[PDB]
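Just one chain follows, in the form deposited in one PDB entry, and it is written as structure tokens.
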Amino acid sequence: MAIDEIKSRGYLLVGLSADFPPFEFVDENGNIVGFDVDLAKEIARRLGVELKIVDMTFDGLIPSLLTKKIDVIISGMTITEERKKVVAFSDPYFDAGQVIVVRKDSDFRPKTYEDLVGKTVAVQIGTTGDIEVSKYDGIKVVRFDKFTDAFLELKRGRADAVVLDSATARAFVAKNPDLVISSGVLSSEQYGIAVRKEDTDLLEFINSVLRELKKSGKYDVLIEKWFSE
């Protein structure tokens, strides 16, 4: 069983892409930290095992999970019907939606995806933001592995906008006063922890930890920890 494999090796293998503050990011000490890293530590601790974070490209997470290189994905991942075809998700643990970020020193203030037609828009490959902008034939989409590359591209004027999730948009804009979020929230997404569909033992265990975190007040402590910059 899944729990048995974890306990046999002595550590939980968690996949994520650490370019997504405040969920998983590289801090001033060069350490991977964040809200999701803390969720990962709670799950591992409650299993009686150590934690191993496996950092990788975002679009590699699902295939890493299906190919059994990781036990679980905790990486700011939106629950979607398409992804539910191939993995299972925990109870939702956060709400977000896509927003559009542009340079402040420009007249351009897009409010919808249709406002991006005729523009060049940077996205992280494989995300819900990529999926949505990709629907609009007149958007010139530039896809990146890391949001740090997408913001560099935006800041230097090579792209007109970046489309990404609300909370991480706000985290990036807080550090970049040359940027602004021009749109409201364009989707209604929830984050989930992804596990293989056959690993219902692990899934149930993760749901129990989530429910306990909320009941105990520790979830609100974690929110305060990561959303009070």
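Note that the rigid core is defined as the largest set of C-alphas that superpose within 1.5 Å between two forms. Position 1 is the first residue in the sequence shown; the rest follow in order.
We do not show the form deposited in another entry, though everything after this point is about it.
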### Query
Using the core for the fit, does the CA position of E42 change by 2 Å or more between this form and the one not shown?
no
### Query
Is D149 one of the residues whose Cα moves 2 Å or more between this form and the one not shown, with the core superposed?
yes
### Query
By 3 Å or more, the Cα spacing of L16 and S182 differs in the other entry; is it closer or farther than in this view?
farther
### Query
Is the CA-CA spacing of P22 and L164 tighter or wider in the other entry than here, given a 3 Å or more change?
closer
